[PDB]
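Chain IDs A, B, C, D, E and F follow the sequence of writing; residue 1 opens each chain.
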Amino acid sequence: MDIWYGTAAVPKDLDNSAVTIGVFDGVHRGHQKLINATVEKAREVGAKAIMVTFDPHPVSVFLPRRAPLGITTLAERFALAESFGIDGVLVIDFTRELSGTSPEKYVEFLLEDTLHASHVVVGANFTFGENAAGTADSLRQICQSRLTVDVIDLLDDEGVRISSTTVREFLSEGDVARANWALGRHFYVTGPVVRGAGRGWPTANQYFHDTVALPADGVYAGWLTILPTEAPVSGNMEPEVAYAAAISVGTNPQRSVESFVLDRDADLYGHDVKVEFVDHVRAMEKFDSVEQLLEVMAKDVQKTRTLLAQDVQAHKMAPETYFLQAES
Amino acid sequence: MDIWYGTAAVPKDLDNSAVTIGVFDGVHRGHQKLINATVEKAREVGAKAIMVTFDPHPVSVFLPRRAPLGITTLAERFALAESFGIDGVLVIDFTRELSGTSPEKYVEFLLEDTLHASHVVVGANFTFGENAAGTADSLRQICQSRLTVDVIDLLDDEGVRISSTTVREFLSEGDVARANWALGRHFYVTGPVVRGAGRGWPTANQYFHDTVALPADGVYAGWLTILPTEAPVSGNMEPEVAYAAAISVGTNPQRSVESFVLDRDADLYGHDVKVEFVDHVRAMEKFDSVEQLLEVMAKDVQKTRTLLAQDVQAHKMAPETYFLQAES
Amino acid sequence: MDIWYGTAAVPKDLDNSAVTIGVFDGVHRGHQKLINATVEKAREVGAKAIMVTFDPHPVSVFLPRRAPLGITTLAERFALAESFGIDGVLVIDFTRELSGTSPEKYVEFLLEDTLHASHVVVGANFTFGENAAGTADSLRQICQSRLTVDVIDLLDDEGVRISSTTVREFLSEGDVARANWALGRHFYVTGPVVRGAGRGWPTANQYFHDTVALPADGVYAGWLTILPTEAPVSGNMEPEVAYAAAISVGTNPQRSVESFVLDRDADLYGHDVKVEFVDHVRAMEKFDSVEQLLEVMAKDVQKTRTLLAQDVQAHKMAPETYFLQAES
Amino acid sequence: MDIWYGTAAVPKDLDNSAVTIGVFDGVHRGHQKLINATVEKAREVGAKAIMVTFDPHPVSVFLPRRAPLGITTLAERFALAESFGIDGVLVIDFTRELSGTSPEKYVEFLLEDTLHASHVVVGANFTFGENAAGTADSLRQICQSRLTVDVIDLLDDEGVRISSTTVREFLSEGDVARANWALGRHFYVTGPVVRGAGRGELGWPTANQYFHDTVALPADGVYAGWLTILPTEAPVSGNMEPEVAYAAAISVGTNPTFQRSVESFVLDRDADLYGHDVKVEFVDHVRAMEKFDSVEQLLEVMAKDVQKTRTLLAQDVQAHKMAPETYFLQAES
Amino acid sequence: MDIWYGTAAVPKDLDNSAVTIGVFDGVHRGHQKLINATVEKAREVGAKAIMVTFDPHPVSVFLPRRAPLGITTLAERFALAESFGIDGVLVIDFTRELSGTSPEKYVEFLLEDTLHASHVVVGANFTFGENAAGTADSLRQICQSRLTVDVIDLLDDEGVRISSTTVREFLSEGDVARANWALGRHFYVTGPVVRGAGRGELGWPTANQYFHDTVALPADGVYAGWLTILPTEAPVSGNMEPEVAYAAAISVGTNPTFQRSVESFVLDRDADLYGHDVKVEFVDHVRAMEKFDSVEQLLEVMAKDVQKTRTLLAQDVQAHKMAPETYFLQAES
Amino acid sequence: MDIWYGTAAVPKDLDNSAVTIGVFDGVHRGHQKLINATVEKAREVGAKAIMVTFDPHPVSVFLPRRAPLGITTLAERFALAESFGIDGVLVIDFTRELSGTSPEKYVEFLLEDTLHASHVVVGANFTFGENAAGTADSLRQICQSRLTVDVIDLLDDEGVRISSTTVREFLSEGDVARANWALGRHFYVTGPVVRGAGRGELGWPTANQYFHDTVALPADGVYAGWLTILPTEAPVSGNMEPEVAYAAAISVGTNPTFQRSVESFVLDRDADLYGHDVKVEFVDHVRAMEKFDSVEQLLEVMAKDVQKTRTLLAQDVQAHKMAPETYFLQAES
């Protein structure tokens, strides 16, 4: 998949495309409908399936540093867009182009001149152009005879509107199971394992910037995977195997994620590690003794073992290769 | 109007004065009664109307950095004192003088030797001298035959005691209309417009230190005035005209004030700008899309247009020259 | 009393000891039972009474910087351990030794090889060894024929479990009288008096790090003692006399303690000062005038005078030499 | 004078203009030649004289946080531009436009489409468009028959090249006299007076100012100069009028960690200028920074700075060309 | 290769080993002699080659925050060790063990009890146990009949002693050529690419990296080198493959206050490497740091760095011994 | 000895006093002459010997944050004053009083009204009152018949002027021997011991102290000196008594950013002094600061500092005049 930064980077010789436009934060199940429709039409005509997306977040252009939290990083947005069949991602920076542009000139510049689009697929909530006056309905009429437009209703399921907004709310509530439900996969973060405490001490510590969306402080059951690597691994964990883990999300009074991998002793310093969240286990608490702390640690392991045993049975969610022991 | 810092700066040849003493933060309607009485008596005898005030706040002398928030800056206190006819302001720093001094020696030093006072006007809540043992009643008796004293009752109106304390409470509640009511004018702040976001982007951004009193975070209707200047102004705003504005007061997680001037495109970087608050519009909120943000922005403009149309009719409050459009 | 840091520092020629093991934070009344039993048995056999304690807090080894607040500093723990007759304190750093060690090897290494113990005294909540699998019951069986073990029930009094945890809760609630009740003495902090405001201004200002346990923000009645010194004292306070004081505990938005010594004018800059807490007086509040501030200051002095007059009558709590005036 | 941010803010009904393009930092005597040529042309043909300038600095666009120090603020660049008769300033942000543009495209879009220019005036060192490919020459060949191009040599005077660079160099060494000479005026900073060590005059300056680290300042030291209280109806504590240049000894310092300060000791006045906006003009270097160990020593040196200043300023008044119309200066204490 | 933290993590069923002990910072040509001897022995007798190394640095244990800069990270020390055939790394923390231990006790506990060693290999400068009492000699006398001891002289080559110290010295002056020569490879750092001034290429590097102050870096300046995108299935913006060394001009800077940066300008590609892990290999010094006052000047010097780099890298490819198997380098633009 | 903050704190029933006025920073041999004259007079006529001193430093009042470093703290100034028999210290804050006062007014208010002085003793460099107008001479003419004035020349000895300034100079270069000689005692700092790298002795100092940036410290380096545990009933970990001066090698450092540290390696003892107040006396410079790359090297140099210290301290004991009454020092390890 090509990734282009700004309209000028798009090849001039690209002759046909089917295009979808959004922030696409999280690439949730709504987002998947748009991508699915776009990919299929691209295949039909033998053109490229293009996603136009935005970075920085368009909200942060108008209201700096009050951008909504990033459900996925830009890099993961690319990975997800690819896994669903996107051929090219065009990334638009509104501080550089397409802000002052009118609905008419936007379609003309972006969709025709730049992307050579025969098809465009947007959500009903789609807006574009100076002061967001462009709508889905605008787009259908401005594209009359020029290109075909398919406007897709926002995904409603089980009485919940599935959007970036609702995924963020669930995450903020610590309800990762509903977030997972809206995303169509286990919510995850990835990052390098740092030195933590030293070398009840966690299998892995990671830190995330405050723009990263994360589950409420608390303890979750989930899976930890050492991303593909030739680097030596200290201990009895292997790369590319999803290992059962009790996960503590905390706030330095910058958010930390501490992972206790069940039934393994490893030290993951230096490695890049994926943490997938499955279910909530408990709220954060203060500890006043080593005894009390380990007691609670063990109850977390038991509850985690239980939740993940269930998770495995929903195998559309569960990883390919996992490691989960029946007991200690 | 002269401004003197400390007793030693007061001219030795000043032969007669009518004096009022207080913090005078905000110069609210109570404060105006004291100034009014003082100015009138000065005119009667042909003497100078003097305000004795204090900086730093006397509270911060005893309890550093737990001083009450400043309703007005010291500079604005001077401006307000002048606009009401004060001839001289004596500023007392209690870390330098008049702290260890007894009620008797205070009247002797400040009122007689320094100020040559024939009249003194204080509020009923007035205290002075070592450990604030001096009262209004003390002052009348210590001044027997030496100078005349007029003690003015605190202003009570509409079931509210009008004081610096109550103005601060209203501001903190986001109730600027009641604060305006107690002040006798639109509450305002002034300051240089800084670079903000770049060059839905606000007409002006200002920053204030944390000792400055400000309305609760939220959006207010008000008026913005470019203070007199020969500097070129980018855009279609003119100096000295009060322009209709939706005002956002925020906190950097130092307080910011962001102003959206209605129906104008200007950039006010470099200019000194007054922001007058008229009425509350809404609480702060997070935005998750550009669409949602602009929707709400437009409702704020509508509600603001409405509030200011009313404000103009209370013309004792409203500015001399304003700019308010009937619609977009 | 000897203080040894780590097992290697303990003299090799020490031939007999009676040993007690715990964090001992606060040396509360439960802790006193263990020490009492240990001291008595040491006297019986003519051996040394040893306390094994821990630093850093064992909790902070597993969960860095989420250690419980220190009721006493390590230095005060030593002082208290001594005042109750302990002959030697062995301080264990779990980041250096005794973490990976099994229950069996722990008793063998610490109690026998290092300490030459004929008696060991622990609380029922006592744990030891890798993953705290060692218990009081373990210890009795592993010590069969090797040394005698006396396991002491946690102290329950007046429906309250007396522990480090409960002392912290009381302190956090601002309930110093119950904390004092559980400690068996007035809760206190000690520290150098710093420059504060200048040279209603407090008799003394002290600052404490955020790991120090302190009463809730508010005003307390208590006693202030200038620790033994040959340094000149500014004012009419003498060292080693416990002086009546209204005490303000605050938070810089690092905790401060501001002390108003009743009926004295002293300046304690440079001196080391003990602050003992007796009872709660009021919550923190903002002040808006010097008048209001002094009014409240005076009510605090009255209420304090009252509480301390009562305190003196419970003379097991009250200091040897105090200073409390009947009135102003 | 109008100020437009971006080519999209330019009035669309602009039929004719004489344009000059550059960073214009400091508006030095070199820059004035460019502006002069442009204004004199515009004034001739009833058209508007436009300046195309750049904010943020093109270097900061390419090398973030490593741009040269600003000789003037953007606000002052506007004010100086207007003072020399420019009718419009167009501020280009290179992160937003005219960056990936070819020399040919740059001319058509900016100079024709946006500005509708009949004349253009640039420095011989002028480079434009992607990878600075366009030069003073490129401009002449591309513009044929459409608009007259006037290329102007960089100003050399007294064996010294007059550029933003040399001005920065002069300032940096504390040589304000050479900086002023290259600028065609007294170098100055403008700023609100802040609270000092306190209000009101054993020790205290008349005025305290702080400046960000992007602001070009003379080397740390003491200088002779003039302070002017910017126009205001707000009252002044002490015996100073607004809009009069007052003789001052000016101390430029750096903060222990934090930023630069400017402390002004106005000669033969006690006043406290907290609350006001103040212009500080530098005339000549007086001495390097020193450490003080006693109050007497500091007061002694203080009195020497007042004498040195008094003299240097007396010469500056006689050299008339740079001094202010109305001022205040006493021959002796 | 296994990694054990502390003597308690070592498999208890370890019957035979050839051991080498040292900080091993940088794994320079001196260190390789130690590892080589050890591996060649272990490989002979079917036993495991163990490295005993130390983290945190023994100096930081004795003098907190005053340890020498790390030539490589601990992660890279492991990777380099494994690359030379070490089977096990035992990481000793001196705050945790082997500190108050006597020479005699150190041998029995570590070398016999823990590691069950039949061979040991150390440098002539080797010191062990409490107060560094044990020396290369002590080791031989204590180990008699139990294990064979092979003491190896510090590597001298071309009149230069090859040690962590001299490597740090070389790096510090910007002499990467001598550092590489003493290392036996191109000096390198590894790190995630961060966001620059923005995404996508007037000014911007191909890649931006930041490094902590414990990381040894060449003196501030420009260098010729190779950048490699570490293995990944993640897509790459632009025309660059993972696992190919690409020619780059590399700029090493310090931050105004904060830390070190490494900016990579990959020759004849525009790509944006945000999100990837990137290895940057240093070949030769190109120039010292300079200040820029104009966009043209910076682009001019930029083009000169590309030429210098192109040449230096051409020589590095010919000197083959240190260059990478697969790479990308063009003779001209 | 009484301590009064402000003229209003002075007992109103003070009928007679001999007064000396000055900053008195460091209480050096010059200052002792002033105090001696004053005490010897007061002691004669049954009156109190008063010191008028100043806090904050008069320079910091005039030039905030640019006062000279404090040779001693205000606490130590009091203690030193009392040690030389001063009965009362009056601390004047120039932000609060005696600032706008005329020479004539200063005498009447402070010397007569407040202190009721019959004798006064000042240095020839003495200046008092608004704009330092009053000098040593002014004082004599204003005081006639009311109080006897004794002006004392600044102390010159061995071609060296003894002043706060020169003491600061000596300290700054690391020449504690000359500082001590000018002071008439071992220079010292006093402070609570903080936690080091940890508790208890491979590497670790006996004691760690930190000092603010207003505190005068010898140049970074190693020094010979004595450490004394200030009087206490609190237990001491290790084999050290309170109130005994113990031989120590003393390392003075600066923090990477943050502040100064003082680390004390007490000779032939292991003790941990966390929790105690400790006095550290400097005797002689041992060496400049160095960087360490290996544990052996640091221990080697460590042992050399112990030898150098042992010798220098042996000489200091023989020169008796400055050494302490009770001390602890061993001839060899």
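In the analysis below, contacts are C-beta pairs under 8 Å (C-beta built on N, C-alpha and C of every residue); 3 or more make two chains touch, one makes a residue touch a chain.
Engineer: Trace the shortest sequence of touching chains from subunit D to subunit E and report its length in steps.
Structural biologist: Minimum step count, subunit D to subunit E: 1.
Engineer: So if I look at the partners of subunit B and the partners of subunit E, which chains show up in both lists?
Structural biologist: Common neighbours, subunit B/subunit E: A, C, D, F.
Engineer: Please tell me the distance, in whole Å, between the geometric centres of subunit C and subunit D computed from their C-alpha atoms.
Structural biologist: It comes to 64 Å between the two C-alpha centres.
Engineer: Take the average of all CA coordinates in subunit A, do the same for subunit E, and state the distance between these two points in whole angstrom.
Structural biologist: Comparing mean C-alpha positions, subunit E is 35 Å from subunit A.
Engineer: Let me have the rounded angstrom distance from the C-alpha centre of subunit D over to the C-alpha centre of subunit F, please.
Structural biologist: 50
Engineer: Scan subunit E for residues touching two or more other chains and write them down.
Structural biologist: If we look for residues of subunit E contacting two or more partner chains, we find 95, 100, 198.
Engineer: Does the chain-touch network form a line, ring, star, complete graph or other?
Structural biologist: Shape = other; not a path, cycle, star or full graph.
Engineer: Note which residues of subunit E are touching subunit D in the complex, please.
Structural biologist: Within the complex, subunit E touches subunit D at residues 196-198, 202-203, 256, 291-296, 298-299.
Engineer: Given the complex with subunit C, which residues does subunit E contribute to the contact?
Structural biologist: Subunit E residues touching subunit C: 6, 8, 95-96, 100.
Engineer: Once bound in the complex, which stretches of subunit D touch subunit E?
Structural biologist: Residues of subunit D touching subunit E: 58-59, 61-66, 68, 94-95, 99-100, 125, 127, 130-132, 164-165, 168.
Engineer: Can you name the residues of subunit A that touch subunit E in the complex?
Structural biologist: Residues 1-6, 9, 55, 73-75, 78-79, 82, 91, 93, 192, 198-199, 228-235, 265, 267, 269-270, 272.
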